[PDB]
Amino acid sequence: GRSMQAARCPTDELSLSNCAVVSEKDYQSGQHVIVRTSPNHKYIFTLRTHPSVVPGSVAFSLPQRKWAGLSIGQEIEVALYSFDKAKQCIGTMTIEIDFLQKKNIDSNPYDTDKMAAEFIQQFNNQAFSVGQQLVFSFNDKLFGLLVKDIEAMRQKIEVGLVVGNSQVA
Amino acid sequence: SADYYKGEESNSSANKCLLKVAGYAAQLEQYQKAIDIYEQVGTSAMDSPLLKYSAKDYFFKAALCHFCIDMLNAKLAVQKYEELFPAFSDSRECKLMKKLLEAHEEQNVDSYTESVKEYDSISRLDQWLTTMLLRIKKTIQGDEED
Amino acid sequence: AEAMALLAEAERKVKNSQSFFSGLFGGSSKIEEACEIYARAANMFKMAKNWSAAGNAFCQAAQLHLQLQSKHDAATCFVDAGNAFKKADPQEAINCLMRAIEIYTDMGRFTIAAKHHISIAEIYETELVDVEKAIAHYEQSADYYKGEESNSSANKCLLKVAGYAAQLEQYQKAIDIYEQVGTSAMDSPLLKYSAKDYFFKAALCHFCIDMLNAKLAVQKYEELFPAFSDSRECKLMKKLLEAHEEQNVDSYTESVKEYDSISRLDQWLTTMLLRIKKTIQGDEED
Amino acid sequence: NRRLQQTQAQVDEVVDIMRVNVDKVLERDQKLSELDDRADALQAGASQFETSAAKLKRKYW
Amino acid sequence: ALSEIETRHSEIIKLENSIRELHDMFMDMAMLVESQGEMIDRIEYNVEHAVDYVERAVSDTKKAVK
Amino acid sequence: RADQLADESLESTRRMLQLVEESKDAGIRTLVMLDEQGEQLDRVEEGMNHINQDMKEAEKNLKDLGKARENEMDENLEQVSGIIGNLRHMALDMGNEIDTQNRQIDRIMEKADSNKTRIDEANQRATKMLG
């Protein structure tokens, strides 16, 4: 891979997509990579170019930086990763949801059926790992998802790739 | 000006001006440069055990001033602060701060807005504090639909 | 308007005129001209924050002023230079001050001499970290203050002397000072309430005496029960005197923990209390 | 009991004492502040007199 | 009796309150008086010294007429 | 809450001491100086008077040459009370020192000015007979 430099997420829009924002002079939207912080810390994200990212640097959101334990201005190695649509195809992934910001906690009901519908309509063809932390934009409301288990189309995998026909619980 | 005072041995006056500098510096977005000024004026105040007395408020202001850091610059600044619970002066500086840091480092916006309502009792909140506190109350919300 | 230029002209004029240039009348005015030069230089050196240069410059104008026969306004310059070097980066700060005091002192100006004497003992402590020399100055200076019927200032210095004297090792020599500053404090009903802490310190200071110097010093103190100022002084002391006379480093360290509630302890007290804590532990596994 | 509801004013009265104590001292600050600009400026003119009187000495004496 | 115990607290706090602020004043006080103390240390200096400048002038003038 | 107030406020009464005690400490430094300075201004005033004299002579020369919880909660109050008296002690020493010096400043400002004029007039008559 090529030595990159961690940065901050451009806009909030890409901060709710849970995707590593990069430049159009390095990678292209649709590709996957594996960030390396140390010999015993490997993570996988999804790229999403933006006319703001500087060549030779990858920007991460607040949640991601907390999960992967990244810092603003540290050296990291990024290498292209190719998924295997033969074992990493997600079909049943259990997620642990909870109010991201304890600032706005309510007791109102939230239809799950509508969630799983908008979940795949926004997080399709992306990489999700077990124990990963992200943000979910549901009805202008922010949440904090936490993958607990992933099942392919039953073998439980560590990392998978959500597709169109992917069920979510 | 504070530089000139600081060369005339007149410590008091020097700090008097520095307070103005940082004070209006944080009200102009220069939050970090402010905490730094508070650190300097805080170090050049302990040398005089007759200033130990005002040396609190500085830590409170500095801990309040935030340059949008993601670490615990404030949780660290409040730590550097030496305090003893039975003490009083001190209870008018960090005690509140801790509660504010928890309401911020924990992403909750009721406990912060209510703690600022409680502290406003034992210690009246001046103009400055108010303005900044609201800015933090908004960093919370701003962090909210973010 | 260039300092570097002035420093040169001054030199060119500061020198006992020779040959025809001298004639009969000396250069008592020339030396003064040079002083004015260096002063102007030190001046712009102070606006430039070149401090070092400012101070050394004042030193020049000052020394020359001495060569003119005007100790007063000279010494004044020595002070200016001291204020420069202090808030500067080089040294000389201590030298200028000593050179200032020798003048205020032999000129007939002890008031101001002591004013700078305490400044000296303050720098030789907060900078040079030379406690033994600082105490010597705080003392000799308090003598002058006490002479200018400035009891107030005198004690301000004595407190320093004893205070750091208990920190070094001089616990006895500390209590003696507390006794003197205590006797010469009651003559002023404006220090009655403060006269407590004195007895507290003096009773805390121990020169490894076996008798009851403290149990006696606490008795010399006049207290009742409906007094609340006194509550922060001997009442605690007695409890400490009993915890020491019973080799119980658990009752002493507990009482200090309780008293630290109604009256927050300071660095000084802490250090000494721990010293007494060790004398006790040091008496137990003993 | 009653002492509590009572002693309350035993300080509210002092809160007023200092209110004046803080003002009294501050009033002196300005009186000494101006005196600092007229007294120091005074000797400043004396310096002009010291130089003038010194020269009248090297000519008529 | 509760009523007296609750009313007690009400008056106690209203008391506790007024107290804390009076303490706030002295803090600022010690910071003012001291800031003024240094403003006088220079006065005493400029005064007794001005006496030297004037004394040297009045002396030279006298020895300039006799 | 009931007990969290009868004791917390009780801690405030205990603290109410150091609060009014730290005030004395702050008052001492003030008084100690007000007294020290009082004597200083005496030697300072001598300056305005010393110059007032010399200038008169200097002017003449320039003219001649020119031609049980509640039981304690009740006790703490008594403690504050005993200290309140002290606050009066300093309040008076501070007061009597303030009024006595303010009027002193008046005399100082007067003579200082009076002499300033003599210096200016003399400086306008001397500067001409320069060199």
# chains A, B, ... in the order shown; residues from 1 in each chain; ligands from 1

$ residues_around --residues "segment 88-103 of chain C" --least-positions-apart "2" --cutoff "8 Å" --atoms "only C-alpha atoms" --output "VMD selection string"
chain C and resid 51 to 52 59 71 to 72 75 to 76 78 to 79 81 to 86 105 to 107 113 116 to 117 120 123 to 124

$ interface_residues --of "chain C" --to "chain B" --cutoff "10 Å" --atoms "only C-alpha atoms" --output "list in words"
residues 46, 47, 49, 51, 80, 83, 84, 85, 86, 87, 88, 126, 258, 260, 261, 262, 263, 264, 265 and 266 of chain C

$ write_last_selection --atoms "N, CA, C and O atoms" --output "CSV table (one decimal), in the first residue's frame"
chain,number,residue,atom,x,y,z
C,46,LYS,N,15.2,48.6,25.8
C,46,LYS,CA,14.0,48.1,26.6
C,46,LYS,C,12.8,48.1,25.7
C,46,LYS,O,11.9,47.3,25.9
C,47,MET,N,12.6,49.1,24.8
C,47,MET,CA,11.5,48.9,23.9
C,47,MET,C,11.6,47.8,22.9
C,47,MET,O,10.6,47.2,22.5
C,49,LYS,N,12.9,45.0,23.6
C,49,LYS,CA,12.9,43.8,24.5
C,49,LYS,C,14.2,43.1,24.5
C,49,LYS,O,14.3,41.9,24.7
C,51,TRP,N,16.3,43.4,26.5
C,51,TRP,CA,16.6,43.4,27.9
C,51,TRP,C,18.1,43.3,28.3
C,51,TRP,O,18.6,44.2,28.9
C,80,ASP,N,17.3,50.2,38.1
C,80,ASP,CA,16.7,50.1,36.7
C,80,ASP,C,17.3,48.9,36.0
C,80,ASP,O,16.6,48.1,35.4
C,83,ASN,N,16.0,45.6,37.5
C,83,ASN,CA,14.7,45.3,37.0
C,83,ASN,C,14.7,44.8,35.5
C,83,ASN,O,13.9,44.0,35.1
C,84,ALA,N,15.7,45.3,34.8
C,84,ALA,CA,15.9,44.8,33.4
C,84,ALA,C,16.4,43.3,33.4
C,84,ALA,O,15.7,42.4,33.0
C,85,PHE,N,17.6,43.1,34.0
C,85,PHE,CA,18.1,41.7,34.1
C,85,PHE,C,17.2,40.7,34.7
C,85,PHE,O,17.2,39.5,34.3
C,86,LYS,N,16.4,41.1,35.7
C,86,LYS,CA,15.5,40.2,36.3
C,86,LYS,C,14.5,39.6,35.3
C,86,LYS,O,14.5,38.4,35.0
C,87,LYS,N,13.7,40.5,34.6
C,87,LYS,CA,12.8,40.1,33.6
C,87,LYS,C,13.5,39.9,32.3
C,87,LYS,O,13.0,40.2,31.2
C,88,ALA,N,14.8,39.5,32.4
C,88,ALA,CA,15.6,39.2,31.2
C,88,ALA,C,16.0,37.8,31.1
C,88,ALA,O,15.4,36.9,31.8
C,126,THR,N,13.9,32.3,44.9
C,126,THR,CA,13.0,31.9,43.8
C,126,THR,C,13.8,31.7,42.5
C,126,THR,O,13.2,31.4,41.5
C,258,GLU,N,-8.7,15.1,59.6
C,258,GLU,CA,-9.9,15.7,60.0
C,258,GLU,C,-9.8,17.2,60.0
C,258,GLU,O,-10.6,17.9,59.4
C,260,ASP,N,-7.9,18.9,58.2
C,260,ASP,CA,-7.8,19.4,56.8
C,260,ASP,C,-9.2,19.5,56.2
C,260,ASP,O,-9.3,19.6,55.0
C,261,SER,N,-10.2,19.6,57.0
C,261,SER,CA,-11.6,19.8,56.5
C,261,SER,C,-12.1,21.2,56.8
C,261,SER,O,-12.7,21.8,55.9
C,262,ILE,N,-11.9,21.6,58.0
C,262,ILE,CA,-12.4,22.9,58.5
C,262,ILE,C,-11.3,24.0,58.2
C,262,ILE,O,-11.7,25.1,58.3
C,263,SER,N,-10.1,23.5,57.9
C,263,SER,CA,-9.0,24.5,57.7
C,263,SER,C,-8.0,23.8,56.8
C,263,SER,O,-7.1,23.1,57.3
C,264,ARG,N,-8.2,24.0,55.5
C,264,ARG,CA,-7.2,23.5,54.5
C,264,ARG,C,-5.7,23.7,54.8
C,264,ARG,O,-5.3,24.9,55.0
C,265,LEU,N,-5.0,22.6,54.9
C,265,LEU,CA,-3.6,22.7,55.1
C,265,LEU,C,-2.8,23.2,53.9
C,265,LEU,O,-3.2,22.9,52.7
C,266,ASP,N,-1.7,23.9,54.1
C,266,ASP,CA,-0.9,24.4,53.0
C,266,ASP,C,0.4,23.6,52.9
C,266,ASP,O,0.7,22.7,53.8

$ interface_residues --of "chain A" --to "chain B" --cutoff "12 Å" --atoms "only C-alpha atoms" --output "ChimeraX atom specification"
/A:8-17,61-63,65-66,69-72,99-105,135-143

$ atom_distance --atom1 "atom CA of residue 18 of chain D" --atom2 "atom CA of residue 85 of chain F"
13.1 Å

$ residues_around --residues "residue 9 of chain C" --least-positions-apart "4" --cutoff "8 Å" --atoms "only C-alpha atoms" --output "MDAnalysis selection string"
chainID C and resid 5 13 34 37

$ interface_residues --of "chain F" --to "chain E" --cutoff "7 Å" --atoms "only C-alpha atoms" --output "MDAnalysis selection string"
chainID F and resid 5:6 9 12 19:20 23 26 30 40 44 47 50:51 54:55 57:58 61:62 65

$ write_last_selection --atoms "N, CA, C and O atoms" --output "PDB file, in the first residue's frame"
ATOM      1  N   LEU F   5     -29.418  18.600  53.804  1.00  0.00           N
ATOM      2  CA  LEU F   5     -29.460  20.055  53.901  1.00  0.00           C
ATOM      3  C   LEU F   5     -29.107  20.528  55.308  1.00  0.00           C
ATOM      4  O   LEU F   5     -28.491  21.577  55.481  1.00  0.00           O
ATOM      5  N   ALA F   6     -29.502  19.748  56.309  1.00  0.00           N
ATOM      6  CA  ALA F   6     -29.223  20.089  57.698  1.00  0.00           C
ATOM      7  C   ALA F   6     -27.754  19.840  58.020  1.00  0.00           C
ATOM      8  O   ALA F   6     -27.239  20.305  59.038  1.00  0.00           O
ATOM      9  N   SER F   9     -25.558  22.288  54.815  1.00  0.00           N
ATOM     10  CA  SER F   9     -25.588  23.690  55.205  1.00  0.00           C
ATOM     11  C   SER F   9     -24.757  23.833  56.472  1.00  0.00           C
ATOM     12  O   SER F   9     -24.214  24.900  56.758  1.00  0.00           O
ATOM     13  N   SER F  12     -21.483  24.286  55.560  1.00  0.00           N
ATOM     14  CA  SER F  12     -21.379  25.658  55.086  1.00  0.00           C
ATOM     15  C   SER F  12     -21.123  26.589  56.262  1.00  0.00           C
ATOM     16  O   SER F  12     -20.469  27.617  56.114  1.00  0.00           O
ATOM     17  N   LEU F  19     -14.238  31.193  55.508  1.00  0.00           N
ATOM     18  CA  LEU F  19     -14.693  32.206  54.563  1.00  0.00           C
ATOM     19  C   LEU F  19     -14.479  33.589  55.163  1.00  0.00           C
ATOM     20  O   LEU F  19     -13.997  34.503  54.494  1.00  0.00           O
ATOM     21  N   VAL F  20     -14.848  33.732  56.432  1.00  0.00           N
ATOM     22  CA  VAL F  20     -14.700  34.997  57.138  1.00  0.00           C
ATOM     23  C   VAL F  20     -13.349  35.078  57.843  1.00  0.00           C
ATOM     24  O   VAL F  20     -13.036  36.079  58.488  1.00  0.00           O
ATOM     25  N   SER F  23     -10.811  36.125  55.029  1.00  0.00           N
ATOM     26  CA  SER F  23     -11.078  37.538  54.814  1.00  0.00           C
ATOM     27  C   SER F  23     -10.150  38.358  55.701  1.00  0.00           C
ATOM     28  O   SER F  23      -9.674  39.423  55.303  1.00  0.00           O
ATOM     29  N   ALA F  26      -6.769  38.360  54.245  1.00  0.00           N
ATOM     30  CA  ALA F  26      -6.764  39.309  53.142  1.00  0.00           C
ATOM     31  C   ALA F  26      -6.800  40.726  53.701  1.00  0.00           C
ATOM     32  O   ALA F  26      -6.303  41.665  53.077  1.00  0.00           O
ATOM     33  N   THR F  30      -3.693  43.927  53.818  1.00  0.00           N
ATOM     34  CA  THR F  30      -4.156  45.269  53.486  1.00  0.00           C
ATOM     35  C   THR F  30      -3.780  46.239  54.598  1.00  0.00           C
ATOM     36  O   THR F  30      -3.115  47.246  54.357  1.00  0.00           O
ATOM     37  N   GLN F  40       5.074  55.682  55.528  1.00  0.00           N
ATOM     38  CA  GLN F  40       5.838  56.032  54.337  1.00  0.00           C
ATOM     39  C   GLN F  40       5.411  57.404  53.838  1.00  0.00           C
ATOM     40  O   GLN F  40       6.243  58.288  53.636  1.00  0.00           O
ATOM     41  N   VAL F  44       7.002  60.831  52.872  1.00  0.00           N
ATOM     42  CA  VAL F  44       6.706  61.227  51.502  1.00  0.00           C
ATOM     43  C   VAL F  44       6.219  62.670  51.523  1.00  0.00           C
ATOM     44  O   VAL F  44       6.642  63.494  50.713  1.00  0.00           O
ATOM     45  N   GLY F  47       8.570  65.323  51.651  1.00  0.00           N
ATOM     46  CA  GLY F  47       9.142  65.695  50.372  1.00  0.00           C
ATOM     47  C   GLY F  47       8.472  66.926  49.798  1.00  0.00           C
ATOM     48  O   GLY F  47       9.143  67.847  49.333  1.00  0.00           O
ATOM     49  N   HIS F  50       9.568  69.606  52.069  1.00  0.00           N
ATOM     50  CA  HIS F  50      10.998  69.861  51.954  1.00  0.00           C
ATOM     51  C   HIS F  50      11.254  70.669  50.687  1.00  0.00           C
ATOM     52  O   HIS F  50      12.051  71.608  50.685  1.00  0.00           O
ATOM     53  N   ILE F  51      10.569  70.295  49.611  1.00  0.00           N
ATOM     54  CA  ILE F  51      10.707  70.986  48.336  1.00  0.00           C
ATOM     55  C   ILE F  51      10.040  72.351  48.443  1.00  0.00           C
ATOM     56  O   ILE F  51      10.520  73.334  47.877  1.00  0.00           O
ATOM     57  N   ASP F  54      12.829  74.590  50.154  1.00  0.00           N
ATOM     58  CA  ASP F  54      13.959  74.848  49.268  1.00  0.00           C
ATOM     59  C   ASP F  54      13.582  75.730  48.083  1.00  0.00           C
ATOM     60  O   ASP F  54      14.282  76.695  47.779  1.00  0.00           O
ATOM     61  N   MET F  55      12.479  75.401  47.418  1.00  0.00           N
ATOM     62  CA  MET F  55      12.029  76.178  46.268  1.00  0.00           C
ATOM     63  C   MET F  55      11.891  77.659  46.601  1.00  0.00           C
ATOM     64  O   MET F  55      12.199  78.517  45.775  1.00  0.00           O
ATOM     65  N   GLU F  57      13.626  79.276  48.751  1.00  0.00           N
ATOM     66  CA  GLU F  57      14.992  79.778  48.831  1.00  0.00           C
ATOM     67  C   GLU F  57      15.596  79.806  47.430  1.00  0.00           C
ATOM     68  O   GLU F  57      16.237  80.781  47.037  1.00  0.00           O
ATOM     69  N   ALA F  58      15.381  78.730  46.680  1.00  0.00           N
ATOM     70  CA  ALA F  58      15.894  78.618  45.320  1.00  0.00           C
ATOM     71  C   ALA F  58      15.364  79.760  44.462  1.00  0.00           C
ATOM     72  O   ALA F  58      16.094  80.325  43.648  1.00  0.00           O
ATOM     73  N   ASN F  61      17.169  82.979  45.399  1.00  0.00           N
ATOM     74  CA  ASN F  61      18.524  83.000  44.864  1.00  0.00           C
ATOM     75  C   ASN F  61      18.502  83.318  43.376  1.00  0.00           C
ATOM     76  O   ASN F  61      19.344  84.065  42.876  1.00  0.00           O
ATOM     77  N   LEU F  62      17.532  82.745  42.669  1.00  0.00           N
ATOM     78  CA  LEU F  62      17.399  82.974  41.238  1.00  0.00           C
ATOM     79  C   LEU F  62      16.940  84.406  40.990  1.00  0.00           C
ATOM     80  O   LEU F  62      17.058  84.924  39.878  1.00  0.00           O
ATOM     81  N   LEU F  65      20.313  86.552  41.958  1.00  0.00           N
ATOM     82  CA  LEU F  65      21.337  86.365  40.938  1.00  0.00           C
ATOM     83  C   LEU F  65      20.853  86.847  39.573  1.00  0.00           C
ATOM     84  O   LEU F  65      21.653  87.056  38.659  1.00  0.00           O
TER      85      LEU F  65
END

$ atom_distance --atom1 "atom CA of residue 128 of chain B" --atom2 "atom CA of residue 62 of chain B"
12.4 Å

$ closest_atom_pairs --of "chain D" --to "chain C" --cutoff "12 Å" --atoms "only C-alpha atoms" --output "Markdown table"
| residue | atom | partner | partner_atom | distance |
| --- | --- | --- | --- | --- |
| D:47 | CA | C:73 | CA | 11.3 |
| D:51 | CA | C:29 | CA | 11.1 |
| D:54 | CA | C:29 | CA | 10.5 |
| D:55 | CA | C:29 | CA | 10.2 |
| D:58 | CA | C:29 | CA | 10.5 |

$ interface_residues --of "chain F" --to "chain B" --cutoff "10 Å" --atoms "only C-alpha atoms" --output "list in words"
residues 11, 12, 15, 16, 18, 19, 22, 25, 26 and 29 of chain F

$ closest_residue --among "C:61, C:165, C:175, C:186" --to "residue 199 of chain C" --atoms "only C-alpha atoms"
C:175

$ residues_around --residues "residue 57 of chain A" --least-positions-apart "6" --cutoff "6 Å" --atoms "only C-alpha atoms" --output "PyMOL selection string"
chain A and resi 4-6

$ write_last_selection --atoms "C-alpha atoms" --output "PDB file, in the first residue's frame"
ATOM      1  CA  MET A   4      -1.491   7.871   3.839  1.00  0.00           C
ATOM      2  CA  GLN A   5      -2.395  10.540   6.396  1.00  0.00           C
ATOM      3  CA  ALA A   6      -5.572  10.394   8.483  1.00  0.00           C
TER       4      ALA A   6
END

$ closest_atom_pairs --of "chain B" --to "chain E" --cutoff "7 Å" --atoms "only C-alpha atoms" --output "JSON lines"
{"residue": "B:10", "atom": "CA", "partner": "E:38", "partner_atom": "CA", "distance": 6.8}
{"residue": "B:12", "atom": "CA", "partner": "E:35", "partner_atom": "CA", "distance": 5.5}
{"residue": "B:13", "atom": "CA", "partner": "E:35", "partner_atom": "CA", "distance": 6.9}
{"residue": "B:53", "atom": "CA", "partner": "E:27", "partner_atom": "CA", "distance": 6.7}
{"residue": "B:54", "atom": "CA", "partner": "E:27", "partner_atom": "CA", "distance": 7.0}
{"residue": "B:122", "atom": "CA", "partner": "E:17", "partner_atom": "CA", "distance": 6.7}

$ decode --residues "segment 32-58 of chain F" --atoms "N, CA and C atoms" --output "PDB file, in the first residue's frame"
ATOM      1  N   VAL F  32      -1.709  45.796  57.203  1.00  0.00           N
ATOM      2  CA  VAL F  32      -0.262  45.803  57.388  1.00  0.00           C
ATOM      3  C   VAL F  32       0.389  46.807  56.441  1.00  0.00           C
ATOM      4  N   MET F  33      -0.133  46.884  55.219  1.00  0.00           N
ATOM      5  CA  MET F  33       0.391  47.810  54.228  1.00  0.00           C
ATOM      6  C   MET F  33      -0.119  49.223  54.496  1.00  0.00           C
ATOM      7  N   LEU F  34      -1.427  49.350  54.705  1.00  0.00           N
ATOM      8  CA  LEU F  34      -2.036  50.647  54.980  1.00  0.00           C
ATOM      9  C   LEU F  34      -1.298  51.339  56.120  1.00  0.00           C
ATOM     10  N   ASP F  35      -0.773  50.540  57.044  1.00  0.00           N
ATOM     11  CA  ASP F  35      -0.031  51.068  58.181  1.00  0.00           C
ATOM     12  C   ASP F  35       1.392  51.399  57.745  1.00  0.00           C
ATOM     13  N   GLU F  36       2.032  50.447  57.073  1.00  0.00           N
ATOM     14  CA  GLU F  36       3.393  50.630  56.584  1.00  0.00           C
ATOM     15  C   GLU F  36       3.426  51.858  55.681  1.00  0.00           C
ATOM     16  N   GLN F  37       2.481  51.904  54.748  1.00  0.00           N
ATOM     17  CA  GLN F  37       2.363  53.008  53.802  1.00  0.00           C
ATOM     18  C   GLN F  37       2.036  54.311  54.517  1.00  0.00           C
ATOM     19  N   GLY F  38       1.217  54.220  55.560  1.00  0.00           N
ATOM     20  CA  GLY F  38       0.851  55.405  56.313  1.00  0.00           C
ATOM     21  C   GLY F  38       2.093  56.141  56.773  1.00  0.00           C
ATOM     22  N   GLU F  39       3.039  55.391  57.328  1.00  0.00           N
ATOM     23  CA  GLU F  39       4.291  55.961  57.808  1.00  0.00           C
ATOM     24  C   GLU F  39       5.142  56.422  56.632  1.00  0.00           C
ATOM     25  N   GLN F  40       5.074  55.682  55.528  1.00  0.00           N
ATOM     26  CA  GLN F  40       5.838  56.032  54.337  1.00  0.00           C
ATOM     27  C   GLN F  40       5.411  57.404  53.838  1.00  0.00           C
ATOM     28  N   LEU F  41       4.107  57.578  53.647  1.00  0.00           N
ATOM     29  CA  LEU F  41       3.570  58.844  53.170  1.00  0.00           C
ATOM     30  C   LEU F  41       3.989  59.994  54.075  1.00  0.00           C
ATOM     31  N   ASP F  42       4.270  59.690  55.338  1.00  0.00           N
ATOM     32  CA  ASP F  42       4.700  60.719  56.277  1.00  0.00           C
ATOM     33  C   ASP F  42       6.054  61.254  55.829  1.00  0.00           C
ATOM     34  N   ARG F  43       6.934  60.347  55.413  1.00  0.00           N
ATOM     35  CA  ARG F  43       8.257  60.723  54.932  1.00  0.00           C
ATOM     36  C   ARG F  43       8.116  61.205  53.494  1.00  0.00           C
ATOM     37  N   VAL F  44       7.002  60.831  52.872  1.00  0.00           N
ATOM     38  CA  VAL F  44       6.706  61.227  51.502  1.00  0.00           C
ATOM     39  C   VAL F  44       6.219  62.670  51.523  1.00  0.00           C
ATOM     40  N   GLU F  45       5.327  62.965  52.463  1.00  0.00           N
ATOM     41  CA  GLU F  45       4.782  64.306  52.611  1.00  0.00           C
ATOM     42  C   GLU F  45       5.927  65.270  52.885  1.00  0.00           C
ATOM     43  N   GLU F  46       6.900  64.807  53.664  1.00  0.00           N
ATOM     44  CA  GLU F  46       8.062  65.619  53.998  1.00  0.00           C
ATOM     45  C   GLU F  46       8.711  66.110  52.713  1.00  0.00           C
ATOM     46  N   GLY F  47       8.570  65.323  51.651  1.00  0.00           N
ATOM     47  CA  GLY F  47       9.142  65.695  50.372  1.00  0.00           C
ATOM     48  C   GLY F  47       8.472  66.926  49.798  1.00  0.00           C
ATOM     49  N   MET F  48       7.143  66.946  49.832  1.00  0.00           N
ATOM     50  CA  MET F  48       6.380  68.077  49.315  1.00  0.00           C
ATOM     51  C   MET F  48       6.636  69.308  50.176  1.00  0.00           C
ATOM     52  N   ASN F  49       6.957  69.077  51.444  1.00  0.00           N
ATOM     53  CA  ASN F  49       7.232  70.163  52.379  1.00  0.00           C
ATOM     54  C   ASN F  49       8.693  70.584  52.285  1.00  0.00           C
ATOM     55  N   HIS F  50       9.568  69.606  52.069  1.00  0.00           N
ATOM     56  CA  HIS F  50      10.998  69.861  51.954  1.00  0.00           C
ATOM     57  C   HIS F  50      11.254  70.669  50.687  1.00  0.00           C
ATOM     58  N   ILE F  51      10.569  70.295  49.611  1.00  0.00           N
ATOM     59  CA  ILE F  51      10.707  70.986  48.336  1.00  0.00           C
ATOM     60  C   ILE F  51      10.040  72.351  48.443  1.00  0.00           C
ATOM     61  N   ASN F  52       8.932  72.403  49.177  1.00  0.00           N
ATOM     62  CA  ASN F  52       8.195  73.645  49.369  1.00  0.00           C
ATOM     63  C   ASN F  52       9.099  74.703  49.990  1.00  0.00           C
ATOM     64  N   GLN F  53       9.991  74.264  50.870  1.00  0.00           N
ATOM     65  CA  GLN F  53      10.921  75.167  51.536  1.00  0.00           C
ATOM     66  C   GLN F  53      12.060  75.574  50.609  1.00  0.00           C
ATOM     67  N   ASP F  54      12.829  74.590  50.154  1.00  0.00           N
ATOM     68  CA  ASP F  54      13.959  74.848  49.268  1.00  0.00           C
ATOM     69  C   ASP F  54      13.582  75.730  48.083  1.00  0.00           C
ATOM     70  N   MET F  55      12.479  75.401  47.418  1.00  0.00           N
ATOM     71  CA  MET F  55      12.029  76.178  46.268  1.00  0.00           C
ATOM     72  C   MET F  55      11.891  77.659  46.601  1.00  0.00           C
ATOM     73  N   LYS F  56      11.424  77.958  47.809  1.00  0.00           N
ATOM     74  CA  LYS F  56      11.264  79.342  48.232  1.00  0.00           C
ATOM     75  C   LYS F  56      12.633  80.012  48.264  1.00  0.00           C
ATOM     76  N   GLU F  57      13.626  79.276  48.751  1.00  0.00           N
ATOM     77  CA  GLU F  57      14.992  79.778  48.831  1.00  0.00           C
ATOM     78  C   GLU F  57      15.596  79.806  47.430  1.00  0.00           C
ATOM     79  N   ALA F  58      15.381  78.730  46.680  1.00  0.00           N
ATOM     80  CA  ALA F  58      15.894  78.618  45.320  1.00  0.00           C
ATOM     81  C   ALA F  58      15.364  79.760  44.462  1.00  0.00           C
TER      82      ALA F  58
END
